[PDB]
Structures are given as structure tokens and as C-alpha cells.
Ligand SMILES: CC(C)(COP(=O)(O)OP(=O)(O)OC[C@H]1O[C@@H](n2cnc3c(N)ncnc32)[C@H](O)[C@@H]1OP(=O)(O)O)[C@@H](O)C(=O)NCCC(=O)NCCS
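Coming up is one lone chain in C-alpha cells, specifically the form solved without this ligand.
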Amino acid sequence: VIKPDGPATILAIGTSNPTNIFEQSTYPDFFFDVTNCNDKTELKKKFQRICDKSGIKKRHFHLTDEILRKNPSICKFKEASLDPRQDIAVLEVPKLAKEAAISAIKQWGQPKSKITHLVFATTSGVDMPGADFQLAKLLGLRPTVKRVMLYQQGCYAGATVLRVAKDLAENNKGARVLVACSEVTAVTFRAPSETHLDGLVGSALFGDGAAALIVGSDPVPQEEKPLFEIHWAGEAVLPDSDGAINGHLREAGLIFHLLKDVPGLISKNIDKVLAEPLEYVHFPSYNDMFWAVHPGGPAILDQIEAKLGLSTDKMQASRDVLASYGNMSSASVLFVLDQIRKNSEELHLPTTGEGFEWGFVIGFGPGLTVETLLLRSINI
């Protein structure tokens, strides 16, 4: 049996977002109006403060005033609303992923018939057949495409899809893995409550977006263009972090609870979590590495930057994604990777990883799980 020689390499990255742009400055106006909470003036001030300090300037949403008017239960706090949320999510998640995938396949330059595997991640609703099948059907991929459907894995899933793609690409000769992460806030949309600050945080942070990439070992010369190589992939459940990030799919939709200690748990343990991939490459300086950190919120980015003593430019691509699209869960870290390579191509930098050799793709989520991948950039 002939196995491929080289590491799993990202051969293309494509991204998509819904066309409806919602400015964060005036998001509280829209939000309190569609949920019929205009009379909750005090809660609006608190939500305005969360939005102004969220580090987000705009978010793209499938959900509009019209769609929410046609599905009134989604605007209610605890009323039975899973059904219309699913109806929206099940259809929109693979549709958004399709646009990201088309862009990824186009950048790759090779026909879609060469895609042997498909890894799909979403926390935006669940269905049987999954969003993986639905994406495969929409793109017209081979009926024999090997699929890995990652449902409800939260914000670390952008890192999980690459960890899965790593083994699928490296263990199968000629394997070209289509990776797709798509998030639509249909299930998480929560009406504002005086008794649910986590709901206000999520309503201020969560955005819509899809990211797709082609991963494969042994790139074909003068045909495929290598962007990033995956050298190590793994994860870690943080000590004393039980129940830090919980998410439950209920009759009212996806109800989440984030304990106040989440950014602190991440920052106190980040150096230890990065221990194994750092020793693999002989402990390079943190400032000599590129950072594709999941923009969960401004606090997570600020605290990792401060704990590891990173210069302000390291977290810029992560902050730029947060500013432009908010927290798009699984898709976010892949948008960051795309922005890192785009900045590199725009500025004519030595490597695709902003001039740096080694780098990290870090995702965070339920567990508290921190998923990390060590990537090597490609010289340009």
C-alpha cells in the first residue's frame, strides 16, 4: 500500500457570508425592535455597552426583519421555536457552504471530481441526511465521497475539521479533502432577557459565515498552489473547566451558558496547551510565529496576547475577522487563515504566514476544549 509522503497541505481557502449587513453600532436598535423589547430601555443600554465593547463593527446575517416576522417564535425567549429555526438552518447552512466551496474549488483550479473526502462542521442546527450530504449534493461531488459530519462541536470545530482532514489527506494517496465550516445564527438567536446575560453576549457576538478549504498531501507541481502545511494537530480539555461552555439543543433552540471565567481559563492554560507542538519544532519565539486564533470575543484575544507577551500585530488578523464578521463559530479561524495569506500576498511578504515560518490555528469551545494545530507557511 502506497501512502503519501508529505504533510496535509491547505491548497485553497474560500469564504462566504450572507448579503444582509448589520452594523454593530445600531444593532441594539434592530435587535430590540424585532424581538418587541423596545420597552426594556435598561436592558438596551446594557446591550449597547456589550456591542460597543465587542470589537465587532459589522456582522452578516441570513436572519432579517422579514424572516423573523414570518417566524415569530424565534423572537420569543423560551417559547417552542426549534422547528422554524431548523427549517431555516438546515437549508441555509449547506447553501452558504456551497458558495465558500465554489470559491475554494475555483482557487484550487482542479475539477470537483478529484475531491475524495468531505469534512463538514456546523453548530447551526442538525438534520439527517446531514449538511455534508447536502453540500455534496449541491456541488455534485462523486457519490462515493467519504464524509465526516461534525455536528454541534462549537467554536473549536474550525480546528477540528483540519485535524480530521490531516489524517484523511495523509493516509490516502491522491486524497483531496473538501473542508467546510458553515454557521447560520438561526438556532442561537435569543430574545433579550434581564435574566440571561449570556444571551446578550451571544446576541452581540455571533455572526454568520462559511469557510471552505481543500486539504491534500503531496501537491501536484505547477497545478496546485500550497498555502499552509499541517504538521501537528491535537487538543486539550483544560483543568478545572467543567461546565465552562455548555450548549443545549432544546425546544426553544440552542441555549448556551458561558461561565464568566472562560477567557481566564483559556489564558491561564494556553502556554501549557501549546507545549507539545512547540517542542516538536524546538520552542520558537511566540513573536516569530503567525496566529490564527478563534475570535470568540475581544477578552479571549486580549488575554492570550497579554499572557504570552505577543506584540499587537500578531492578533490583528483575528481582530480584523472579529471586526468584519463577528464570531462565526467554526468558520472564524479559517477566515483568519485566509486573511493571514491575503495580507501576505498583498504586502508581498516572504511567507504565506505574514513572513513567519511556524504558526498556530487555535479553536476554543465546550469542555473547555482548546483545539490546536501547528502550521508551516509556504515561501512566496
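Start at 1 and count along the sequence shown; that's the residue number.
The discussion below concerns the form solved in complex with this ligand, not included here.
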Given the pose of this ligand in the entry with it bound, superimposed onto this structure around the site, is the binding site open or blocked (3 or more ligand atoms closer than 2.4 Å to backbone or C-beta atoms counts as blocked)? open
Thinking of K53, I245 and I300 as one candidate spot, does this ligand come within 4.5 Å of a heavy atom in every one of them in the entry with it bound? yes
As a check of understanding, the residue in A236, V90, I105, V201 with any heavy atom within 4.5 Å of this ligand in the entry with it bound should be identified as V201
Let me know the one among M289, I230, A252, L258 whose heavy atoms come within 4.5 Å of this ligand in the entry with it bound, would you? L258
Give a yes/no on whether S332 approaches this ligand to within 4.5 Å in the entry with it bound, heavy atoms considered. no
Tell me, yes or no, whether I214 is in contact with this ligand in the entry with it bound, where a contact means a heavy atom of each within 4.5 Å. no
Would you classify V164 as touching this ligand in the entry with it bound, given a 4.5 Å non-hydrogen atom cut-off? no
At the 4.5 Å heavy atom threshold, is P263 in contact with this ligand in the entry with it bound? yes
Which one, 44-52, 31-39, 63-71, 311-319, holds residues whose non-hydrogen atoms are within 4.5 Å of this ligand in the entry with it bound? 44-52
For the stretch 205-241, I need every residue with any heavy atom inside 4.5 Å of this ligand in the entry with it bound, listed N to C. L205, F206
